[PDB]
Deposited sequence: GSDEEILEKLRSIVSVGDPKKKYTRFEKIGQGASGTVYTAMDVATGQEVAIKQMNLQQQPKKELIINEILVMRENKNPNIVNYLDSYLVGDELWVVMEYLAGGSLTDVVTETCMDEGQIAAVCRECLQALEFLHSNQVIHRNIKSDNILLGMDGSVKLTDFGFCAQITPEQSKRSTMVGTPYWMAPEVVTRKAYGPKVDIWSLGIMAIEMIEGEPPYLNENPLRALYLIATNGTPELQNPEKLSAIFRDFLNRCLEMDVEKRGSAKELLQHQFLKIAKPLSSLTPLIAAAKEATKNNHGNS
């Protein structure tokens, strides 16, 4: 495998054990393993991560060229199950917030705006994230909202502006991805729409179903229905319909959704810190 040497090509030099100190484990059995540490010279607290190595190559390459305030920025990488340094967001994932707390429209609008700012940046740089879900939204202790997980990323171009592979997580996948049709950046808009449903209902639609049954239900049902749409303002219902539109041409882009009236009721990001406190208490 010559893909191991293309990985080794631009990922160093230097010993990470001397640049950063006070390594504290926070990682799980997903791979693993994630640790916090502190920059010796500046005092910055950092997040350090420790089958398919090409997803790691793609992660690094896409991350270091697409730096943005709404993306969990890549800082550095080192030697050797590899050592990837990135910014630390102590508030944890949006998943704990959506499953343990009730979010108001002001707080939802604030999270949607921050995620849409990241998406308009990625789409303008021809990057389709393809794995938008609350699990890949990290929260700062100050209410910062940042996008992570660039492994399943697709770099488009005018020559080949479409993909047709089944990539992402079933419950958040656009019907055009599910049905293996030619798709583009607007698949991330659908996934954000599904993430706004998580913020309302606690779960994406069909979570109680098996991933294949959900895949079938997305293909046959199309636009998902809320359990209680009457609970939402007409402006929020309109924002959701524009995210979850079956017709790709009718579905909003990130640039045009950033102009939606729903985002005008967005609360300051500080309005998210009680949600983080509640989610930490609920999962403690």
Compared with the full deposited sequence, the modelled chain skips 1-3, 54-59, 90-91, 296-301
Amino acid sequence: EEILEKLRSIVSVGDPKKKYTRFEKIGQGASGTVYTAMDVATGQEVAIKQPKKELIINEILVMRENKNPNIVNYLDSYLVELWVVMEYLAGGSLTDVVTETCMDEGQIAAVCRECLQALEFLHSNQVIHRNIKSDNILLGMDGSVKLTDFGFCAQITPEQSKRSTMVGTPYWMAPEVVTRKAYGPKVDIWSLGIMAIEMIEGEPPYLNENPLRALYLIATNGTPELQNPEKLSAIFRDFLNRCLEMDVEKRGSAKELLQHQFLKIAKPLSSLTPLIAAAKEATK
From here on, numbers count along this sequence of modelled residues.
Looking at the deposited entry, does 275-283 or 2-10 carry the larger mean Cα B-factor? 2-10
Got a sec? Mean C-alpha B-factor, which is higher, 123-131 or 95-103? 123-131
The residue of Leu240, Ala41, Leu226, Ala254 with the maximal C-alpha B-factor according to the PDB record is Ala41
Based on the PDB record, which member of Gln259, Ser233, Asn221, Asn68 exhibits the highest Cα temperature factor? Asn221
If you rank every modelled residue in this chain by C-alpha B factor, which third holds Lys186: lowest, middle or highest? middle
If you rank the chain by CA B-factor, which third does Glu209 end up in: lowest, middle or highest? middle
Could you look up the Cα B-factor of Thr169 in the entry and say which third of the chain it sits in: lowest, middle or highest? lowest
Sorting by Cα B-factor within the chain, modelled residues only, which third would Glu198 end up in: lowest, middle or highest? lowest
Looking at the temperature factor on the CA atom of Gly140, which third of the chain's modelled residues does it land in? lowest
